[PDB]
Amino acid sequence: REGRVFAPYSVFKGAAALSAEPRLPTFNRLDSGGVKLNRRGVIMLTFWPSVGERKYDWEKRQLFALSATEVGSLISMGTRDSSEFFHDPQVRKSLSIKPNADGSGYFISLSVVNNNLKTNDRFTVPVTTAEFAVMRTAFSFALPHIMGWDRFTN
C-alpha cells in the first residue's frame, strides 16, 4: 500500500465525468536472476453520471481498461479519426471516441449493457482538443511504463 499513487487526469462536464490513470504491470522475479512481466499494464478509465449542477454520482461509476494496443490506437488518432473498443464479459462494455462536428474535440462514450437484466447505461463526456492533447501526451508518456520498457535503462 506504501507504493500507491493517486493522480488522475479528470474532465468534468455537464452529464458525466471521466478520469484516467495508469496501472503499472506486475513482474515476476526469476530464480536464475532478473524479472519478467506478469500481469499487463493498462490505462484505466472511470466514468460516472451527473445528478445535478456540478454534482455527480460516484456510486454509479463504471470502468474500462485500455491495453497497450488500445492506447496506441488513441495516441495515433488524428483530428477526424474515430475508434471503438469492445470488451467481452453477462455484461458487455464498449468504448467509443468520435470527433465532434467542428473538429474542436471529441465525445468519449462508455456503453454498459446487461442483456439478461435488460439494464442499459451510457456515460458520455465531451473532451476539447486541449484536453485530448493532455491525454495523448500523458498516455504516450505512460505507454513505455505500462509495457514495462522503463526497466530497460542505463
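Throughout, we count residues from 1 along the sequence that is shown.
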field: Unmodelled deposited residues flanked by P89 on one side and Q90 on the other
entry: 4 to 9
query: Is the mean CA B factor in the deposited entry higher across 125-133 or across 107-115?
result: 107-115
query: Out of 23-31 and 94-102, which stretch has the higher average CA B-factor listed in the record?
result: 23-31
task: Could you say whether, by C-alpha temperature factor, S83 belongs to the lowest, middle or highest third of its chain?
output: highest
